[PDB]
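First, one chain by itself: the form deposited in one PDB entry, in structure tokens.
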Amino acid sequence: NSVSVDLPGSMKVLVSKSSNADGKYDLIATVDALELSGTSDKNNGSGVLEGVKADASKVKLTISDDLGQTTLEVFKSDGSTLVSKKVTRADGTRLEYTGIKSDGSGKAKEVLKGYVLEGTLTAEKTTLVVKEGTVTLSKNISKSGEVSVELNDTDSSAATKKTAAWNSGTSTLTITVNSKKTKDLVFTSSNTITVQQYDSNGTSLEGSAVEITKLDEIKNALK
């Protein structure tokens, strides 16, 4: 019979204990109440599973080789048009792409622990946006999942205008106001955000980094 393998996002796939005559393993999973099935040349739960909804939509679950990501795609009934794509990362958070158009654009929602970020998808990138006052924080995610962040403030006052620099080496957005760094927003590989303030001179971090748990805390950091 079968082995239950845990997948990101508190999901599971059942994999046959042994392979069939072709060396393949059977996979079965139920996602959004639909039973999907497939076969794989790996024994770990990775591979592709498919099913068809009552409305004839085609559903494909793809579980990456190292179990670090799953993709749940829904297509129109001929399988030729992708309608939605939900990408679940190793940390369990997910990106939901919906209203996908023929140029690869669509709506994007990132479901984090404690909050949701909303934005858009283009063929190039996903951009999730948080606005607060005159500040817009944009979390950009490449097609391969690489995160970069930018900030733009339309405030026309040096006393108060925020600017920010992205450090791709440390996944950190450093905000500056009136020539002083004010805080580091770290976008962790856990897909969490932490905030840590600088001292009043902008030249040393103080305290300890605090993990953001709700949208209001992101907005507070952008004030």
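Shifts are known only where both forms have a C-alpha. Numbers follow the displayed sequence, beginning with 1. Heads up, when I say rigid core I mean the largest set of C-alphas that superpose within 1.5 Å between the two forms.
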Of 152 to 160 and 48 to 56, which one has the bigger average CA B-factor? 152 to 160
Residue range whose averaged C-alpha B-factor is higher in the record, 28 to 36 or 191 to 199: 28 to 36
Among 116, 108, 72, 130, which residue carries the highest C-alpha B-factor recorded in the PDB entry? 116
Split the chain's modelled residues into thirds by Cα B-factor; is residue 95 in the lowest, middle or highest one? lowest
Based on the entry's values, in what third of the chain does the Cα temperature factor of residue 13 lie: lowest, middle or highest? middle
Select lowest, middle or highest to describe the third in which the CA B-factor of residue 134 falls within its chain in this entry. middle
Splitting the chain's C-alpha B-factors into thirds, which one does residue 178 fall into? highest
On the chain's distribution of Cα B-factors, residue 64 falls within the third called middle
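This next part talks about the form deposited in another entry, which is not shown.
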Under a superposition restricted to the rigid core, does residue 76 display a Cα displacement of 2 angstroms or more between this form and the one not shown? yes
Does residue 9 move its CA by 2 angstroms or more between this form and the one not shown when the core is aligned? yes
Rigid-core frame, C-alpha of residue 207, shift of 2 angstroms or more between this form and the one not shown: no
Where exactly does the backbone move between this form and the one not shown? Looking for runs of 3+ consecutive residues, each with a CA shift of 2 angstroms or more after core alignment. 1 to 88
